[PDB]
DNA sequence: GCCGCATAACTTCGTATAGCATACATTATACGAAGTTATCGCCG
DNA sequence: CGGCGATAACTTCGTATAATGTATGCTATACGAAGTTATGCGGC
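Residue numbers (the authors' numbering), protein chains in the order written: chain A, 20 to 198, 208 to 343; chain B, 20 to 199, 208 to 327.
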């Protein structure tokens, strides 16, 4: 440990700093390698292409997702470059191994996984159910869900939202500007969020964040700083899935329940089935032209084939 | 030439997989390079970045398309790689020249050219013209075209099609499963057309056998249990019919002076775009991944 | 009115996995041409 | 009379140009889990 700690501090003395995810993951990798390499009683710091290859094949016996391994290799080349060692690990052995394990895993026919959608029908059902709720937590949560299903923001960005951002206007319509884009909230959900705001008294200071901690007492306490409890919001999605359905399946699989994506996905598919003009959608999404969108669209019934009819028809 | 044969067989040593197209084009690039390099009396096998520079300058003096010059560069990289030599031609000079000549070529403002469209209206016209025709080879060609405009594929895909592929159903509708795959449907009038072809020809009694097989100047057809690779001949059909609706080609020698294998697919695509409907599901049925090319079929 | 200590909400960590902009690597097309084939023409 | 001439109807080849694909350097995320706080629920 102290070896990697020291080496990473010596790198940090270059005063380059990664993303926190980046640096985290990097250190994790360094741990993993040094531990396996010591287990094989090989020098942990200086790599060897046959030792790296053996490691890689050990990982393949571990059954890891190829992408992971690839990521490992990337990390290693990164370390070389930024250490000033040969950025590429010796490509013949490395690339031949990569090609082998790539093709061998592709031959499994495995898929890049997709989060389950959250439907508009589910949203309407949970609205009908929770609208009866007197619990301010339930009011807040339904308001949050309505906001999400309108705006489809990044979860961290909806967590970022701060009362100085928010404005509302005729009909009770509400508008929120963020770095710089303003999005509009439709009248009924402006009234719902007003109910939340007024009942909680949360964030009377516009510095303060719209959603704030609520104790088991049922008491909100405002915060002048972000709670960042995105894991808690994910727990909300779990709870609501565990309300419309039971607990998660015992398979230990991912995507066994709704996730912060799932609403985004759902509304995207809803717009696709509505068939509204595509560039409109992409502009509203702030979105690069992306076949991801079409992988959404991919999962839809539209296969009418009318041209056979029109050929037979039209006469 | 035999020197080039020896040289390329030598480098072909350390054999590795290619498409036949890829190996053909590789060998053609090697021909061009070896001829040029011998003309320059330079070492044929080892590269030098100043030699690559001079070669590229010569290719620019020939005014070849920058895409093809780049492709040659690519091929050179390839041969280094697979022979075990350094992939990159020394990048800073190479890249700088690349960029500069790229800019200079884009400064020409040239267009991506597009094949001559074909319409339902054209189909109607040619059908009205040829429906009187007794020649079974004409019935063959027309049946072929009516399928193509129903299905709008690669020419290779339609070539593959085998009588075992084909079935027909209620209303006399006919369905064909193709690729790994998709089943497509044939509209009634062209069903009757293709049935006339099949019944008159007697072709492919075994469903192994292909729907279209050779004709003879005798006015005779010979069935084939094997793919005949008609496709170039099918292009000849497209050209012949173009030379029926019009005279000979212009002497400009340009591409897209007449209908091409694209022409039916692109045509029906624009037809649907003018119908203005079903964008994603029709793109699905044609199998395109979303691309600006689709837009420039649609754009007008 | 203090000790016990709970459920709950929340922080942090681990690791297995998913996004994506770009350069340049792999496959196909469009075309003019040479070369085939076997079948009929038909001399006198 | 049946040869070669000529053909239809076809195939293999060489040229130049595009369409198609992906992996690379950097980012963020899904789900379990231990651990944390805390104050309020329970007793006498």
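Even for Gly, the Cβ is constructed at its ideal location relative to N, Cα and C.
On the DSSP bridge list, what partners appear for residue i?
i	result
residue 117(B)	None; residue 117(B) has no bridge partner.
residue 211(B)	195(B)
residue 248(A)	242(A)
residue 196(A)	210(A)
residue 237(B)	181(B)
residue 248(B)	242(B)
residue 181(A)	237(A)
Can you tell me where the beta strand (DSSP E) holding residue i begins and where it ends?
i	result
residue 284(A)	That residue, residue 284(A), is in no beta strand (DSSP E); it is neither H nor E in DSSP.
residue 209(A)	209-213
residue 328(A)	Element bounds for residue 328(A): n/a, residue is neither H nor E.
residue 187(B)	185-187
In chain B, which residues lie less than 8 Å from residue i when you measure between Cβ atoms?
i	result
residue 332(A)	305 and 308
residue 325(A)	307
Would you mind sorting residue i into buried or exposed? The rule is 16 or more other CB atoms within 10 Å of its CB.
i	result
residue 154(A)	exposed
residue 165(A)	buried
residue 315(A)	exposed
residue 245(A)	exposed
residue 255(B)	exposed
residue 290(B)	buried
residue 322(B)	exposed
residue 163(B)	buried
residue 82(B)	exposed
residue 125(A)	exposed
residue 92(B)	buried
residue 269(B)	buried
residue 76(A)	exposed
residue 28(A)	exposed
residue 165(B)	buried
residue 196(B)	exposed
residue 42(B)	exposed
Starting from residue i, trace the alpha helix (DSSP H) in both directions and tell me its first and last residue.
i	result
residue 270(A)	258-272
residue 186(A)	Not the alpha helix (DSSP H): residue 186(A) falls in the beta strand (DSSP E), residues 185-187.
residue 309(B)	306-313
residue 22(A)	21-31
residue 304(A)	From DSSP, residue 304(A) is part of no alpha helix (DSSP H); its letter is neither H nor E.
residue 315(A)	No alpha helix (DSSP H) contains residue 315(A), which DSSP labels as neither H nor E.
residue 56(A)	39-58
residue 140(B)	139-149
residue 145(A)	139-149
residue 290(B)	288-302
residue 273(B)	Element bounds for residue 273(B): n/a, residue is neither H nor E.
residue 68(A)	68-80
residue 92(B)	85-102
residue 103(A)	Unbroken run through residue 103(A): none, as it is neither H nor E.
residue 336(A)	335-340
residue 324(B)	319-325
residue 108(B)	Run containing residue 108(B): none; DSSP gives neither H nor E here.
residue 59(B)	Here residue 59(B) belongs to no alpha helix (DSSP H), and DSSP marks it neither H nor E.
residue 156(A)	155-170
residue 24(B)	21-31
Run down chain A in chain order and give the residues with a C-beta less than 8 Å from the C-beta of residue i.
i	result
residue 140(B)	In chain order: nothing, as chain A lies at least about 11 Å away.
residue 316(B)	319 and 322
residue 296(B)	In chain order: nothing, as chain A lies at least about 11 Å away.
residue 312(B)	331 and 333
For residue i, return the contacting residues in chain B, with the cut-off set at a CB-CB distance below 7 Å.
i	result
residue 320(A)	Here the premise fails: no neighbours, minimum Cβ distance about 11 Å.
List the residues of chain A that residue i touches, going by C-beta distances under 7 Å, in chain order.
i	result
residue 214(B)	336, 339 and 340
residue 299(B)	335
How about residue i: is its Cβ closer than 8 Å to a heavy atom in the ligand NAD?
i	result
residue 107(A)	Questions concerning the ligand NAD fall outside what the structure shown contains, since it holds no ligand whatsoever.
Which residues in chain A sit within 9 Å of residue i, going by Cβ to Cβ distance?
i	result
residue 36(B)	By Cβ distance, chain A contributes nothing, its closest Cβ being about 12 Å from residue 36(B), past 9 Å.
Quiz item: Using 8 Å as the Cβ pair cut-off and three pairs as the minimum, do the stretch 279-291 of chain A and the stretch 256-269 of chain A touch?
Solution: yes
Exercise. Answer yes if the stretch 170-182 of chain A comes into contact with the stretch 233-241 of chain A, meaning at least three C-beta pairs across the two stretches below 8 Å, and no otherwise.
Key: yes
Practice problem: Examine the Cβ distances between the stretch 171-179 of chain A and the stretch 247-258 of chain A and report whether three or more of them are shorter than 8 Å. | Solution: yes
Exercise. Could you tell me whether the stretch 324-339 of chain A touches the stretch 308-316 of chain B, using the rule of 3 or more Cβ pairs below 8 Å?
Key: yes
Quiz item: Given 8 Å as the limit, is there contact between the stretch 278-294 of chain B and the stretch 153-161 of chain B, that is, 3 or more CB pairs closer than that?
Solution: no
Self-check item: At least three beta-carbon pairs within less than 8 Å, the stretch 295-313 of chain A to the stretch 167-177 of chain B
Solution: no
Quiz item: Does the stretch 96-106 of chain B touch the stretch 256-264 of chain B, meaning 3 or more C-beta pairs lie closer than 8 Å?
Solution: no
Quiz item: If we count Cβ pairs, one from each stretch, closer than 8 Å, do we get three or more for the stretch 90-98 of chain A versus the stretch 132-141 of chain A?
Solution: no
Quiz item: Are three or more beta carbon pairs between the stretch 129-137 of chain A and the stretch 109-117 of chain A nearer than 8 Å?
Solution: no
Practice problem: Mind the definition here: the stretch 217-233 of chain A touches the stretch 148-162 of chain A only if three or more C-beta pairs lie below 8 Å; say whether that holds. | Solution: yes
Quiz item: Does the stretch 56-63 of chain A touch the stretch 34-44 of chain A, meaning 3 or more C-beta pairs lie closer than 8 Å?
Solution: no
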